[PDB]
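What follows is a short report on a single structure.
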Amino acid sequence: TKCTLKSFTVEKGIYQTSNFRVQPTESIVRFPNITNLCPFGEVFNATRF
Amino acid sequence: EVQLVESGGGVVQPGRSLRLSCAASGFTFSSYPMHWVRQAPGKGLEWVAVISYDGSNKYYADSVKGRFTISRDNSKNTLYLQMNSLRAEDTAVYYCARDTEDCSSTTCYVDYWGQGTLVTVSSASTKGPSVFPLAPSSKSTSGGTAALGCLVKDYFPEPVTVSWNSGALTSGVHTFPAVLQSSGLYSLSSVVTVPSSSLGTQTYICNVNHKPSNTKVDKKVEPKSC
Ligand SMILES: *[C@@H]1O[C@H](CO)[C@@H](O[C@@H]2O[C@H](CO)[C@@H](O)[C@H](O)[C@H]2NC(C)=O)[C@H](O)[C@H]1NC(C)=O
């Protein structure tokens with residue numbers, strides 16, 4: 001509060017100082033179960049362009 | 001108008017590594033891609049590898065991975081194929097071939113074939129053929145034309161030569177492909193036609209020259225006691 005009002009003494013009242021936010025406890029990833037690699041070999045590396 | 005003479009070749013034992021070198025003549029060597037094309041006995045054509053006109057890019061075959069490497073000594077107009085760890089299936093005449101730079105990319109169809117060697121894959125001794133007669137002396141009773149011949153059992157490698165009475169008989173001269181013994185030993189029968197009424201008129205000599213070991217042994221083919 002002292003830093004919000006920029007004073008070393010504060011007067012009786014209610015002051016809004018900051019914001020509360022719950023924090024993420026975990027990180028999850030969901031991707032499809034596709035498995036086969038991709039045919040980049042026969043696109044970049046091919047005889048006849 | 002291109003001639004290719006291939007060095008190297010001969011019988012080889014599996015697990016050994018050696019190399020061929022094919023000298024080219026009749027053109028500008030350092031501006032043509034080279035190919036190795038296997039000609040297997042009884043199979044046909046099998047592509048092996050290709051080296052760029054400058055030798056910049058190298059392509060090898062699928063079932064050849066882990067076996068061969070192919071370089072190109074442009075100075076003496078030669079294509080080198082270092083083959084390693086050969087297997088018994090790799091006997092063939094491996095024709096070196098000169099490409100034509102005609103397709104849009106740096107590879108195209110091939111026109112000129114050079115007569116490659118006969119690198120022979122086997123883990124065994126080079127056994128010379130023993131010449132055996134073939135005259136039943138009682139079963140040639142066909143009257144006019146009965147087939148009687150010669151056995152060339154146990155010859156390796158296959159280069160072989162049959163002449164009947166120094167080639168005196170020319171009609172019905174059956175020279176057969178190898179009849180392979182189950183132990184992989186080569187054999188063949190070469191026969192000619194005889195009227196059985198004239199069995200002993202001309203004494204028959206089967207002359208075989210076995211090029212690998214120069215086995216120069218001859219054997220009679222005559223109506224026996226049998
Ligand atoms: C065709 O193109 C691919 C790129 O998509 C290249 O990948 C090579 O793979 C081999 C084996 O690991 C290594 O030489 C290099 O990882 C890649 N070569 C390079 C960077 O020159 C390669 O040119 C070709 N792929 C294969 C399997 O030959």
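For the structure tokens, the naming scheme is as follows: chains receive sequential letters (A, B, ...) according to their order of presentation, residues are indexed from 1 within each chain, and ligands are indexed from 1 in presentation order.
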Near-residue 143 in chain B list (12 Å; only C-alpha atoms; drop same-chain fewer than 6 positions) as a PDB file with N, CA and C atoms, in the first residue's frame:
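Output file out_13.pdb follows:
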```pdb
ATOM      1  N   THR B 193      25.364 -87.537 -82.252  1.00  0.00           N
ATOM      2  CA  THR B 193      24.510 -88.574 -82.820  1.00  0.00           C
ATOM      3  C   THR B 193      25.355 -89.558 -83.624  1.00  0.00           C
ATOM      4  N   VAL B 194      25.098 -90.849 -83.433  1.00  0.00           N
ATOM      5  CA  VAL B 194      25.845 -91.907 -84.107  1.00  0.00           C
ATOM      6  C   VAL B 194      24.874 -92.950 -84.650  1.00  0.00           C
ATOM      7  N   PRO B 195      25.032 -93.402 -85.897  1.00  0.00           N
ATOM      8  CA  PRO B 195      24.377 -94.651 -86.307  1.00  0.00           C
ATOM      9  C   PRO B 195      25.004 -95.846 -85.606  1.00  0.00           C
ATOM     10  N   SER B 196      24.189 -96.630 -84.894  1.00  0.00           N
ATOM     11  CA  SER B 196      24.729 -97.701 -84.060  1.00  0.00           C
ATOM     12  C   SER B 196      25.426 -98.778 -84.884  1.00  0.00           C
ATOM     13  N   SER B 197      25.153 -98.840 -86.190  1.00  0.00           N
ATOM     14  CA  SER B 197      25.868 -99.785 -87.042  1.00  0.00           C
ATOM     15  C   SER B 197      27.304 -99.345 -87.287  1.00  0.00           C
ATOM     16  N   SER B 198      27.634 -98.100 -86.950  1.00  0.00           N
ATOM     17  CA  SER B 198      28.970 -97.546 -87.128  1.00  0.00           C
ATOM     18  C   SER B 198      29.516 -97.006 -85.810  1.00  0.00           C
ATOM     19  N   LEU B 199      29.355 -97.782 -84.735  1.00  0.00           N
ATOM     20  CA  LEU B 199      29.805 -97.336 -83.420  1.00  0.00           C
ATOM     21  C   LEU B 199      31.324 -97.223 -83.362  1.00  0.00           C
TER      22      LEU B 199
END
```
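For chain A, the residues close to chain B, meaning within 9 Å and counting only C-alpha atoms, are residues 47, 48 and 49 of chain A.
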Quick one: write out the picked residues with N, CA and C atoms as a short mmCIF file (atom, residue, chain, number, x, y, z; two decimals), in the first residue's frame?
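And here's again_34.cif as it stands now:
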```
data_model
loop_
_atom_site.label_atom_id
_atom_site.label_comp_id
_atom_site.auth_asym_id
_atom_site.auth_seq_id
_atom_site.Cartn_x
_atom_site.Cartn_y
_atom_site.Cartn_z
N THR A 47 15.21 -36.97 -58.09
CA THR A 47 15.98 -36.74 -59.30
C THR A 47 15.35 -35.65 -60.16
N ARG A 48 14.11 -35.95 -60.55
CA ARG A 48 13.44 -35.09 -61.55
C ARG A 48 12.54 -34.02 -60.98
N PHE A 49 13.07 -32.82 -60.84
CA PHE A 49 12.27 -31.67 -60.47
C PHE A 49 11.68 -31.07 -61.74
#
```
**Request:** Set the cut-off to 6 Å, count only C-alpha atoms and all ligand atoms, and list whatever residues fall near ligand 1 as a list in words.
**Result:**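 The residues near ligand 1 are residues 40, 41, 44 and 45 of chain A.
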**Request:** Apply DSSP to the backbone of this structure and, from range 57-215 of chain B, keep only the residues in strand (DSSP E or B); write these as an MDAnalysis selection string.
**Result:** chainID B and resid 58:60 68:73 78:83 93:99 110:115 120:121 132:134 146:151 162:164 174:175 189:194 204:208 210 215
Do a neighbour search on residue 53 in chain B at 9 Å with only C-alpha atoms, toss out local chain neighbours closer than 5 positions, and write the hits as a short mmCIF file (atom, residue, chain, number, x, y, z; two decimals) with N, CA and C atoms, in the first residue's frame.
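Result written to out_18.cif:
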```cif
data_model
loop_
_atom_site.label_atom_id
_atom_site.label_comp_id
_atom_site.auth_asym_id
_atom_site.auth_seq_id
_atom_site.Cartn_x
_atom_site.Cartn_y
_atom_site.Cartn_z
N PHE B 29 36.35 -39.46 -71.56
CA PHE B 29 35.89 -40.17 -70.37
C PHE B 29 35.26 -39.25 -69.33
N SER B 30 35.83 -38.08 -69.10
CA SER B 30 35.46 -37.25 -67.97
C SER B 30 34.20 -36.43 -68.20
N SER B 31 33.34 -36.85 -69.13
CA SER B 31 32.09 -36.15 -69.39
C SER B 31 30.95 -37.14 -69.64
N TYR B 32 31.04 -38.33 -69.05
CA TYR B 32 29.98 -39.32 -69.21
C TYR B 32 29.76 -40.10 -67.92
N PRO B 33 28.52 -40.19 -67.43
CA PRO B 33 28.25 -41.01 -66.24
C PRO B 33 28.42 -42.50 -66.51
N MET B 34 28.84 -43.25 -65.49
CA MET B 34 29.10 -44.68 -65.63
C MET B 34 28.07 -45.47 -64.84
N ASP B 99 26.75 -43.75 -70.08
CA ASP B 99 25.47 -43.10 -70.25
C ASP B 99 25.50 -42.11 -71.41
N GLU B 101 24.21 -38.14 -71.77
CA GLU B 101 23.67 -36.99 -71.05
C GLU B 101 22.62 -36.33 -71.94
N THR B 106 20.89 -35.24 -64.46
CA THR B 106 22.22 -35.81 -64.66
C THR B 106 22.17 -37.33 -64.51
#
```
**Item:** Neighbour list for residue 149 in chain B as a list in words, cut-off 9 Å, only C-alpha atoms, skip fewer than 3 positions in-chain
**Value:** residues 132, 133, 134, 135, 174, 189, 190, 191, 192, 193, 206 and 221 of chain B
**Prompt:** Quick one: residues within 12 Å of residue 5 in chain A, only C-alpha atoms counted, chain neighbours fewer than 2 positions away excluded, as number ranges by chain?
**Reply:** A: 1-3, 7-11, 14-17
**Request:** Would you mind reading off the distance between CA of residue 118 in chain B and CA of residue 64 in chain B, one decimal, in Å?
**Result:** 17.6 Å
**Message:** When you look at range 76-80 of chain B with a cut-off of 6 Å (counting only C-alpha atoms), what residues show up, excluding the ones that are within fewer than 4 positions of it in the same chain? I need them as a ChimeraX atom specification.
**Reply:** /B:20-24,29,70-72
Let me see the file: selected residues, N, CA, C and O atoms, as a short mmCIF file (atom, residue, chain, number, x, y, z; two decimals), in the first residue's frame.
```
data_model
loop_
_atom_site.label_atom_id
_atom_site.label_comp_id
_atom_site.auth_asym_id
_atom_site.auth_seq_id
_atom_site.Cartn_x
_atom_site.Cartn_y
_atom_site.Cartn_z
N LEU B 20 37.45 -54.10 -59.05
CA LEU B 20 37.60 -54.07 -60.50
C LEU B 20 37.96 -52.67 -60.95
O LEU B 20 37.61 -51.67 -60.31
N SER B 21 38.64 -52.60 -62.09
CA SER B 21 38.93 -51.34 -62.76
C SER B 21 38.69 -51.51 -64.25
O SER B 21 39.30 -52.37 -64.89
N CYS B 22 37.81 -50.68 -64.79
CA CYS B 22 37.40 -50.76 -66.19
C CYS B 22 37.97 -49.56 -66.95
O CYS B 22 37.57 -48.43 -66.69
N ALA B 23 38.89 -49.83 -67.87
CA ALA B 23 39.48 -48.81 -68.72
C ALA B 23 38.58 -48.60 -69.93
O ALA B 23 38.15 -49.56 -70.57
N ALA B 24 38.29 -47.33 -70.23
CA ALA B 24 37.44 -46.96 -71.35
C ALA B 24 38.29 -46.39 -72.48
O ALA B 24 39.34 -45.78 -72.24
N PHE B 29 36.35 -39.46 -71.56
CA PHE B 29 35.89 -40.17 -70.37
C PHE B 29 35.26 -39.25 -69.33
O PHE B 29 34.24 -39.61 -68.74
N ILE B 70 31.94 -47.46 -55.28
CA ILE B 70 32.32 -47.28 -56.68
C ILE B 70 32.90 -45.88 -56.84
O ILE B 70 32.23 -44.88 -56.55
N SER B 71 34.14 -45.82 -57.32
CA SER B 71 34.83 -44.57 -57.61
C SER B 71 35.15 -44.53 -59.10
O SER B 71 34.86 -45.47 -59.85
N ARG B 72 35.81 -43.46 -59.54
CA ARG B 72 36.04 -43.27 -60.97
C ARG B 72 37.35 -42.52 -61.16
O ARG B 72 37.44 -41.34 -60.83
#
```
**Prompt:** In Å to one decimal, how far is CA of residue 166 in chain B from CA of residue 207 in chain B?
**Reply:** 7.5 Å
